[PDB]
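The primary structure of each chain is shown beneath.
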Amino acid sequence: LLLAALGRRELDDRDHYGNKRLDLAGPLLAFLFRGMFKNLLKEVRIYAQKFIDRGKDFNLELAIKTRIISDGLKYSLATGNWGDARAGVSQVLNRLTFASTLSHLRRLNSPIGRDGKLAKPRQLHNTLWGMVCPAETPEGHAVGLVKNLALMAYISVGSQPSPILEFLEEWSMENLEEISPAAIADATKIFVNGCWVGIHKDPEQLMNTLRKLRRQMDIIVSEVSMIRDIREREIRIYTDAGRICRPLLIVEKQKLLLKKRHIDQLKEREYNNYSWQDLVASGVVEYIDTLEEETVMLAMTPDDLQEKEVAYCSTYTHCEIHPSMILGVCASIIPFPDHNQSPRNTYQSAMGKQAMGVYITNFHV
Amino acid sequence: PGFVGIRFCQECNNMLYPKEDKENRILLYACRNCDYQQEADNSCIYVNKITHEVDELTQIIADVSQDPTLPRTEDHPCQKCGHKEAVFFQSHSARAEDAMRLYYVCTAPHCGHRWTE
Amino acid sequence: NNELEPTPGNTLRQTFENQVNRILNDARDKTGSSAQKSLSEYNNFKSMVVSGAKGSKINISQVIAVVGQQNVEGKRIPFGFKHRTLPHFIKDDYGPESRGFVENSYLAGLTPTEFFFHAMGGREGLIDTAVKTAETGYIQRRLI
Amino acid sequence: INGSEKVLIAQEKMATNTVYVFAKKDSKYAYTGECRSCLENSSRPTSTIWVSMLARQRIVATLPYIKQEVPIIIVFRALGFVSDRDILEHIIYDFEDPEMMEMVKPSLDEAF
Amino acid sequence: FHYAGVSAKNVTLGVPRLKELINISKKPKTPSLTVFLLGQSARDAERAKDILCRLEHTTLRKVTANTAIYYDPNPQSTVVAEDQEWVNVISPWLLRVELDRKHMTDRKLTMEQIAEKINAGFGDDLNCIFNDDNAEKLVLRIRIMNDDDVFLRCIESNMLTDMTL
DNA sequence: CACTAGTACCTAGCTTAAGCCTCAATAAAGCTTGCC
DNA sequence: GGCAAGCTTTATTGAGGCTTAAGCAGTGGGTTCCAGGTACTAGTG
Ligand SMILES: [Zn+2]
Ligand SMILES: [Zn+2]
């Protein structure tokens, strides 16, 4: 707060998508099951308070009533009134087109309510690049609030931070309960899932080590993200469940690591059993989330951006796989969508969900 | 002139406060928890730079040379080590970013020199 | 190099942004005029524009020559990342292509950064159209 | 669910456990920090603490389940840190920039 | 509408200005005037700058460069060791405020005008000694005439805010 | 003669007025000494 | 030593600053939910 009152650090944006999480079915059903399991415990306590004061022993199969844990899930999924709070969480699946079915399963809802005269929760922020489609949005009174996920974007399902904390204590990281407060400002503050776990003195060769473990999947899962803030001495590792990442290629010095032998082993699938996950394991692609996109130098295409010219930067770290993967599922069926105007792309993204067609193969059943 | 720092007690380690000597006409720092006194160093007990002429090179750190997303030059050598390559960037700060001043940081290892062009 | 001098009445940065927007608007206008001197009188874009039935000279300039500067809230594409607009650009890049100027036309098609900046300008237009409706209808109701 | 095919739409939210600094330009606060703190695998929901500088330059904190604007130094003393020097060690990590110490000085001198 | 990069006076024409006319808003988003100049000042940019400075709300904060308070019990020999200290030949803590030359040039102000506004706004409780046009350093030294020491800081905040020069 | 079931009865921001909270002249109320 | 023009006190009374409803463009199509909990009796084992 003092750095913000000085301006030595800029203020924070509410719409930067490094500042947001996506509650999927996992966290949503977990948030529902917390309350409903707690209510089942409360009803078991009420039953036991009734049947100890008669001096008798309770009957435990009558203690646990099953409707409070099943009818509640059935109500919150059948109605969408997410509680006994907000609404519209579970929508009925749209089965007019297979494109509409796919686009309804890849839809994000901003929790900001409707009919607001402001524009900043609705606009196409810069950090929607590659994670969420720029064109597809409902053009009614929910422009920008309801969005559709991009193609290769993937929401990190999250893992436990404890192997990362064991790895940091393995190396020369100094915990907060064992430091002097004099050597803090000449070293980098290191965070895990937000909580500040200690200090480290040498931030380079720590970030190189953490990345070297993620390009091998030794300890750290591929979804977990390291971010070295370089201007202000911080290094933060997120292992949350809900962050939104997308795979990018990896560029050593000025060369892709996607060599010809990977394409040779990758053309011959169902034979070599060489999958995508073998290529993530090979240290060639990796998932970059939105915080880490603020600290990455991203080549658009390799045929332009690793060849020597009047050089732009020559310090690329990642390369985009293909730019057409910034688009959603409904904006992917548009031929030449860069030649159109962008409201026309949005309107087609609306109409492509409404086209008649063979919506499913078992439609006769 | 210069900035004024917070003085500290020696016994209870709280903040010392300015007061006057009615006898010797000198300023004395005095705590409010305990009863400890110190002789002042300067007459300047408060200061307020309002025009905000700050030395931006102090806020620059040397480690920002390791950033890949900063642009490099071989057009400006470092004055100390003579290394030809250096990154360059804006002020990155509020109470600033009205002028577009470049600050250069030499990217050579174990020099870390920064300067203003 | 601090060789730019500030215009009286605004900062050095707003002086700079006036210079950059003035050059790019001059480029859009000069390329727009030099496109529309070459229709050869049978071009159907000119047939609909000259009659005034559908379209304008700006649509001819954007289809043939250059889309032009994309804007969000009346200024250029803001730095949504830390001091850069997209992660493909170097930090503190105030150039044309970094900040949202589209030099391609709809006949050639846009590069993906220009596609995304164009999608930003279009989202601003759709937000305007969707938010305008209720407030204008309520003004009409109060007046009647 | 009852023969009806249901889709859980992914719901955005602000990222938890992460410090943010925003500006309520209409309120009485110049710069307000927040941290929607929520421990993973905890049945209780998130509980946002706010740390906000007053616009006039004291700094206060809005804690959960406490309705008044508690000063920062009150909370640091309430954590068993009695010295002003120790609290200033935990807040300002360099003692060689006197400008930030001068800015925290009125908030420190609220609660002596 | 495109907009003007230069000052552009936030005109907000369209739906919200129509709203501000339709419901009579006592807090409009952008109030303004259109001050037409009378005579030769309408055809002179310099007299128009003079009217421009005589209309714009100029506090002391827009003109000051920095300020500090000091403890000098002997005004004849200050710790700064500047020149005009012999203008004196009462309180030992003083207010040493240094102005820039640029905003004093642009607002067309002098030292004596500022000191007279401070004396008129504060009575005989305050003492102001200014600097002549010898250096760029424009010094005002302010003393209390006869709660304790922080009261001078309180009137420093109450003098940067609303002197209305 | 006991248990259980079936069914019948009991219980996001805006804006603007508008009421409510505090602060500065001011005339009655009573001293106060100045003149008779 | 008593009234009286003036000073001091004391309500006093009109004039500046803080929370709170109440409004917020239109027309069609699908889904879900509106009673549950005890009480008192009949039929069946
Ligand atoms: Zn002490
Ligand atoms: Zn060097």
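Residues numbered from 1 in each chain as written, not as in the entry; some residues may be left out. Chains lettered and ligands numbered in written order. Part of a larger assembly, values for the part shown. Heavy atoms only, no water.

Regarding how it was determined, this PDB entry cites cryo-EM in its header, along with a resolution of 3.2 Å.

What counts is decided by this rule: UniProt positions are given in the numbering used here, feature names are shortened, and annotations may be inferred rather than shown by experiment.
You can read under Subcellular location in the UniProt record for chain B the words "Nucleus, Nucleolus". Its UniProt record, at the heading Sequence similarities, says of chain B: "Belongs to the archaeal RpoM/eukaryotic RPA12/RPB9/RPC11 RNA polymerase family."

**Topic: the packing of aromatic side chains**
Given two aromatic rings, one states the distance between the centres and the angle between the planes to describe the pair. Using the following cut-off: Working definition: rings of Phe, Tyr and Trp (its six-membered ring) pair if their centres are within 6.5 Å, and the pair is stacked with planes under 30 degrees apart, edge-to-face with planes over 60 apart, and tilted otherwise. Secondary structure elements follow DSSP: runs of H or I of four or more residues count as helices, runs of E of two or more count as strands, with numbering from the N terminus. Relative accessibility under 20% of the residue-type maximum defines a buried residue, over 50% an exposed one, and the middle range a partly exposed one, all with a 1.4 Å probe and only protein chains included.
Inspection of every chain in the model, using the stated rule, returns 15 aromatic pairs over all chains. With centroids separated by 4.8 Å and ring planes inclined at 65°, the aromatic side chains of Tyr47 of chain A and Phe51 of chain A adopt a geometry described as edge-to-face. One end of the pair, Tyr47 of chain A, and the other, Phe51 of chain A, are both in helix α2 (residues 25–52), four residues apart, so they sit about a helical turn from each other. Residue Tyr47 of chain A is classed as buried on the basis of its relative accessible area, which comes to 12%. Judged by its relative accessible area of 23%, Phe51 of chain A is partly exposed. With 6.0 Å between their ring centres and 90° between their planes, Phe16 of chain C and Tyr94 of chain C make a pair best called edge-to-face. Of this pair, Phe16 of chain C sits in helix α1 (residues 12–35) while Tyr94 of chain C sits in the loop between β1 (68–69) and β2 (101–102), placing them 78 residues apart in sequence. Judged by its relative accessible area of 18%, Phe16 of chain C falls in the buried class.

**Notes on the coordination of the zinc ion (ligand 2)**
Residue and element names in this part refer to chain B. Threshold: Only N, O and S atoms count as donors, using a 2.8 Å limit from the metal and a wider 3.2 Å limit for Na, K and Ca, and since water is excluded some coordination spheres may look unfilled.
In the first shell of the zinc ion (ligand 2), the protein supplies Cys78 (SG), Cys81 (SG) and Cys111 (SG), at 2.5 to 2.7 Å from the metal. Between consecutive donor residues of the zinc ion (ligand 2), the sequence gaps follow C-x2-C-x29-C. Of this pair, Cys81 sits in the loop between β5 (72–73) and β6 (86–89) while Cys111 sits in the loop between β7 (103–106) and β8 (114–116), and the two are 30 residues apart along the sequence.

**What about the interface of chain D and chain B?**
What counts here: Any two residues having at least one pair of non-hydrogen atoms within 4.5 Å are treated as being in contact. The term buried area refers to how much accessible surface (probe radius 1.4 Å) is lost by two components on association, counted for both of them together. What makes a salt bridge here is a side-chain nitrogen of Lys or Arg within 4 Å of a carboxyl oxygen of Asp or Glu, nothing more.
Chain D puts 15 residues into the contact, and the matching count from chain B is 13 residues. Both sides together, the interface formed by chain D and chain B hides about 1,200 Å², and carbon and sulfur atoms give 62% of it. The largest per-residue losses of area from chain D upon contact with chain B belong to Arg85, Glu102 and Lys105 of chain D, which jointly make up 38% of the total buried on that side. Remark: the boundary between chain D and chain B carries zero salt bridges. Elements that contribute at least two residues to the side of chain D that touches chain B include exactly α2 (84–91) and α3 (98–108) of chain D. When residues in the side of chain D that touches chain B are grouped by element, the largest group, six residues, is from α3 of chain D.

**A word on the protein's contact with DNA strand F**
Threshold: By convention in this text, a residue qualifies as near a molecule or strand provided that one of its non-hydrogen atoms is within 4 Å of it. Pairing of N or O atoms within 3.5 Å defines a polar contact, subject to two protein rules: one partner must be a possible hydrogen donor and the other a possible acceptor, and residues neighboring in sequence count only if both atoms are side-chain atoms. Charged means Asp, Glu, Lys or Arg here, nonpolar means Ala, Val, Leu, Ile, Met, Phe, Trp, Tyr, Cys or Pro, and polar covers whatever is left, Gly included.
Surveying the vicinity of DNA strand F reveals the residues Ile112, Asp115, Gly116, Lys117 and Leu118 of chain A together with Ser25 and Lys26 of chain E. Counting only the atoms of DNA strand F within 4 Å of the protein, the fraction contributed by sugar and phosphate is 68%. At 3.4 Å, a backbone N or O of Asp115 of chain A approaches a base nitrogen of DNA strand F. Contacts to DNA strand F include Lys117 of chain A, whose side-chain N or O atom sits 2.5 Å from a sugar or linking oxygen. Partitioning the surface near DNA strand F into residue classes produces two nonpolar, two polar and three charged.

**Let's talk about the domain arrangement of chain B**
What counts is decided by this rule: Start and end points for every domain follow an automatic or database-based domain assignment.
By domain assignment, chain B separates into domain 1 (1–48) and domain 2 (49–117). Of note, the centres of domain 1 of chain B and domain 2 of chain B, computed from C-alpha atoms alone, are 37 Å apart.

**Considering the protein's contact with DNA strand G**
Near DNA strand G you find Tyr75, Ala78, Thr79 and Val92 of chain A, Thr133, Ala134 and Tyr138 of chain C together with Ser4 of chain D, and these make up its full shell. Near the protein, within 4 Å, the atoms of DNA strand G are sugar or phosphate in 56% of cases. Put simply, the parts of the chain that give the surface near DNA strand G at least two residues each are α4 (67–78) of chain A together with α4 (112–143) of chain C. With three residues, the single largest contributor to the surface near DNA strand G is α4 of chain C. Here the surface near DNA strand G is composed, by residue class, of five nonpolar, three polar and no charged.

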